[PDB]
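What follows is a single chain, given as structure tokens, in the form deposited in one PDB entry.
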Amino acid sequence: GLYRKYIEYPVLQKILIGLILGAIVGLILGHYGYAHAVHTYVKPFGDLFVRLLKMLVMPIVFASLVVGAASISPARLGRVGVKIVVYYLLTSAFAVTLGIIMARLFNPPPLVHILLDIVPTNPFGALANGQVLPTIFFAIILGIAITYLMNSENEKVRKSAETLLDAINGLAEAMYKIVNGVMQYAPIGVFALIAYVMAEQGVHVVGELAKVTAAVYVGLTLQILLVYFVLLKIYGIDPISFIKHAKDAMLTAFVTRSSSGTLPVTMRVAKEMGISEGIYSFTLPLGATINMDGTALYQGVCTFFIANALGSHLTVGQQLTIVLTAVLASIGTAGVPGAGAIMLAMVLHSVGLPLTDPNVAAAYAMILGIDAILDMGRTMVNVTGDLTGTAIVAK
């Protein structure tokens, strides 16, 4: 009987309630100790929530995009596709610079093979692995191809092509339903996921990591205010009215680390925003993973912090390449929870700073201990930027 009441409670309110209690609970153990106990008996629940969010990304990014690409004419897709990718590149070019500026203000493979990897040598192999970006390419290519079949004069081809789209569309609908199911468990997951971090971050609240959080989070505010809002004003969409509609998406996106997990509610927001279907149904699932604004800002500051942690000095040009390559090296894969920590890992690997070195591990471990809330904000801009991009693309 109680379970029925729990589910009937609005999901977003549960999401916030779990967050507040978890942070309060975690900070209590920060002073009472038992940081090991929470990491043992509480964190696994958070890990399960993270695992669930990671699961959603691959089926959604494939099935949703195939439906989205195949649901509109290829000509319109090209117009929208070019517009949306250009939008992210501009904003990411802003986020990458914005993070570098905030990094110093607070002071806490070649290009081609990266591009060639957009074309999977085995589409099934791409799906089997977590290679989100090439899976997007195959999805759109498959989606566009289906439309050409649906217009084919051959009756058998049209019927067979239609059935394939329906099967994939059913998968896309099912995953959205699974997302709603996951969101019901999110309040339990979020509470545990934030309780652990706030337990062993209960100390150092005003340390260097605090400035790292300040550099990022205030960086997010500027990202929203100085990039999204200005862009919305330039295109004639009242940012205040827009963000009012996006309140549900931002909060669900903010607390739930995954942009994909908040995708169905993000689509719901777009519908209420008046954006024509077939534009938000495609850009948003793409945006959940292709968006680079949050990760670039995250790496701009966090990477700078690591450099100082090892007593190194990064000139602006050198730092620009480090963060820019990380962004380029992960044009996708931005929808998984805790992307920054995972994405920062290879940045250290790319440089001669393997995790084997205790100093690198120690400095990185400190970042990992804070990634829980640092990445929480990251999804806020990531799921706000794609909302902006969807709005701007919709004109």
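Throughout, we count residues from 1 along the sequence that is shown. We call the rigid core the largest set of C-alpha positions that still match within 1.5 Å between the two forms.
There is also a form deposited in another entry; it is not shown, and the following applies to it.
| query | Given a rigid core superposition of the two forms, which one of 208, 272, 238, 173 has its CA shift by 2 angstroms or more between this form and the one not shown? | reply | Result of the comparison: 173.
| By the 2 angstroms cut-off, has the C-alpha of residue 89 moved between this form and the one not shown once the rigid core is superposed? | Residue 89: C-alpha displaced by less than 2 Å between this form and the one not shown.
| When you overlay the rigid core, is the Cα of residue 196 off by 2 Å or more between this form and the one not shown? | Indeed, residue 196 is displaced by 2 Å or more.
| field | residue 251 C-alpha shift between this form and the one not shown of 2 Å or more, rigid core reference | value | Shift at residue 251: below 2 Å after core fit.
| field | Comparison of CA distance in the other form with shown form for residue 135, residue 263, at least 3 Å | value | Closer together, which means the C-alphas of residue 135 and residue 263 are at least 3 Å nearer in the other form.
| request: Say whether the C-alpha atoms of residue 239 and residue 14 sit closer together or farther apart in the other form than in the form shown here, given that their separation changes by 3 Å or more. | output: Their C-alpha distance shrinks by at least 3 Å in the other form.
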